[PDB]
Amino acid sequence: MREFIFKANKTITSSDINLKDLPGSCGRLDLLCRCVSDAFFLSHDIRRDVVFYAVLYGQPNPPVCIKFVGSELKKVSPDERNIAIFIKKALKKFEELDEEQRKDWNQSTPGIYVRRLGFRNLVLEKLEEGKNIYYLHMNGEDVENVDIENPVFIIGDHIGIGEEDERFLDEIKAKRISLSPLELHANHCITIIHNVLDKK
């Protein structure tokens, strides 16, 4: 399995979404959509061995976690508007639940689940599953050279993970990896990771 966690610092946590302004009023929802698209889609299918987690911290009701399960996804297409609509549906589902129910993974559409869950607790749940945590940044060994097994890849947004959560990953001894000499968009990082793994 190939798994990803993307921390979306500013992305809207309400279904009151303006599809005509995914970058602005939705808090860079466009970037999240591109990350989902690049995590899953190939020319003639979907990567059935991928799970993608988005942790949304924007207003008005953070945190919200959305889990996308590649082997189960239905009716999702690679374009931003379609993905944004599925994220809107997941937030609408979240809005229909009480806080007790929000403790669970709550299915919205096939392969898409929504839950009250923040970044650090999600990472701990993945460690409990036996996953190895790898995170991007700068100084790390290139992913091509690292022995990768049962991976969860941490991907930051434009502003980034933040100082606070950065040391947490240090403390749990998640492996630093690099992909490029340049600072790339998050979605590009996903594509490069997939390519390295595909070639192995």
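Residue numbers here begin at 1 and follow the sequence given.
Note on 158 to 166 vs 65 to 73: mean CA B-factor is higher in 158 to 166. Taking the mean C-alpha B-factor of each stretch as recorded, 18 to 26 and 179 to 187 are not equal, and the higher mean is that of 179 to 187. For the set 55, 33, 174, 51, the PDB entry assigns the largest Cα B-factor to 174.
Sort the modelled residues of the chain by CA B factor and residue 39 lands in the lowest third. Split the chain's modelled residues into thirds by C-alpha temperature factor. Residue 104 is in the middle one.
Residue 117 sits in the middle third of its chain by CA B factor, as recorded in the PDB entry. Split the chain's modelled residues into thirds by C-alpha temperature factor. Residue 95 is in the middle one. Ranked against the other modelled residues of its chain, the C-alpha B-factor of residue 123 as given in the entry falls in the middle third.
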